[PDB]
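What follows is a single chain, given as structure tokens, in the form solved without 2'-deoxycytidine-5'-triphosphate.
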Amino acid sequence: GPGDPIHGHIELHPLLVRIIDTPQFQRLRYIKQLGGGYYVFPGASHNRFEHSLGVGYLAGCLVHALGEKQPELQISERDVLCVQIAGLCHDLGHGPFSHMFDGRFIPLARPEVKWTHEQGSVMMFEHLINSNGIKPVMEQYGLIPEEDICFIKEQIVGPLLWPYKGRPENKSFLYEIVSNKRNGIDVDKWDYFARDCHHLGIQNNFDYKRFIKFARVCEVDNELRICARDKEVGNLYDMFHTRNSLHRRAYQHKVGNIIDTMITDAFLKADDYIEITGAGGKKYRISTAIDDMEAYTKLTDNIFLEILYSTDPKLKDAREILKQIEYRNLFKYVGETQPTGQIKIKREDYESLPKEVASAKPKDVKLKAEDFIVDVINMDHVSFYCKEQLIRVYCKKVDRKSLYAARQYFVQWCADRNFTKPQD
């Protein structure tokens, strides 16, 4: 019977539904989960809204199961609701086309500002419960707004000696359910592994239900962690194999990421000329709407069509790129390298990379920085019990004589930067 294709019919707590039936939350119906993936995989039409519901539901399943199996952990009806709301809201902060936006646009548009989508999820959440008087409703259901709002934000963004103020250290395991940076395993990934496979037509053999059934809390170096039964390791292999498959075959897809950087090139050439209306009446730009949640609420995938359909001559440059995509005259792939050693090209350095490439004296045609797009692309210690970064360059010039030239600058840049030699 018609429900979520992955979790089926989920029924939620009235508090959870209050949070959902909200414009700050509904906002997620208009954010492609895999962003520019849609333009390469027809199946991938899902948005963060469904995903978010998934993670909320899954967060609850796990906490509630840990509770039943181990009453000694003293997991409360309150603790559960909090974890659910955290899973529910962890993605509130995603901007147009998901990771493309905090990952590439903002660092190109505003290199000085450190902005992450989780920061945004925390502001967006605060603004959500403020603009909808959710606080009186939390109190109604046994929540302590002061202590718990802290707890919720904390499990979304980490700490804002024992770092956290939302829960004591003896309930530390609750901080590994929605976001687990250490062991990679959280209910967040479980959901999006399941649906990215479901829409990409990829085999997914991980069984989170089985995993949840056999999960437990236990001491690991005098610290409480979520462990998995040893006889559950074959299921864990099946997960990581899926993670590796979604990555190798979809998230790193050659043309898929090319398109992503074109869409970003469109937004940039349009940033000056699109006004988003914020609090008070004040107007913001795409890149700057992150400064006010009133406006950010209205910054979704819509912005793409707003440019596409525009008639403004100021926006002709942007329109033309978005029109490149419909026709499929994409930027041309020039090659791939990765940094040897430890170093990762830092986000603040993105804006300058094309200036660098274009300045590389190779050992016919001259190319300028405007002709190069370079995008940086980034991404077994689990506990049991018994009963990196790759750089691709594209060229905006599509003629044979220019690509040969572009490859020449690229190979040299890798040379005098000490990145791995590209493959012919």
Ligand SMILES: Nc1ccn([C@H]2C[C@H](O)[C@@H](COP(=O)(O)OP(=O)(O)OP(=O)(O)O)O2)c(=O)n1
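One rule holds for the numbers: they count along the sequence shown, beginning at 1.
In this entry, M379 is separated from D380 by 10 or more residues of the deposited sequence that have no coordinates. The stretch of deposited sequence separating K363 from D364 contains 1 to 3 residues lacking coordinates in this entry. Higher mean CA B-factor, judged across 255-263 and 238-246 from the recorded values: 238-246. The PDB entry reports B-factors from which the mean C-alpha value can be compared for 229-237 and 95-103; the larger average falls on 229-237. Highest CA B-factor among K283, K298, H127, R182, as stated in the entry: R182. Note on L66, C386, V55, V357: the highest value goes to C386, judged by CA B factor as recorded. In this PDB entry, the Cα temperature factor of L403 sits in the top third of its chain's modelled residues, the highest group. When the modelled residues of the chain are ordered by their C-alpha B factor, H198 lands in the lowest third. In the deposited entry, the Cα temperature factor of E72 places it in the middle third of its chain's modelled residues. When all modelled residues of the chain are sorted by CA temperature factor, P339 is found within the highest third. In this PDB entry, the Cα temperature factor of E370 sits in the middle third of its chain's modelled residues.
Omitted from view is the form deposited with 2'-deoxycytidine-5'-triphosphate bound, to which the following refers.
Site check by superimposition: 2'-deoxycytidine-5'-triphosphate, modelled from its position in the entry with it bound, clears the backbone and C-beta atoms of this form, with no atom inside 2.4 Å, and the site reads as open. Only one of 188-196, 136-144, 122-130, 276-284 places residue heavy atoms within 4.5 angstroms of 2'-deoxycytidine-5'-triphosphate in the entry with it bound, namely 188-196. The shortest heavy atom separation between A59 and 2'-deoxycytidine-5'-triphosphate in the entry with it bound exceeds 4.5 Å.
Contact between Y251 and 2'-deoxycytidine-5'-triphosphate in the entry with it bound is found at the 4.5 Å heavy atom cutoff. Heavy atoms of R48 reach within 4.5 Å of 2'-deoxycytidine-5'-triphosphate in the entry with it bound, making it an interface residue.
The closest non-hydrogen atom of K344 lies beyond 4.5 Å of 2'-deoxycytidine-5'-triphosphate in the entry with it bound.
Proximity of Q33, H99 and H247 to 2'-deoxycytidine-5'-triphosphate in the entry with it bound is complete: all three residues have a non-hydrogen atom within 4.5 angstroms. This chain is drawn without 2'-deoxycytidine-5'-triphosphate; in the entry with it bound, the residue among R78, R243, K269, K171 with a heavy atom within 4.5 Å of it is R243.
Proximity to 2'-deoxycytidine-5'-triphosphate in the entry with it bound, taken as a non-hydrogen atom within 4.5 angstroms, holds for one residue of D148, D91, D265, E154, which is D91.
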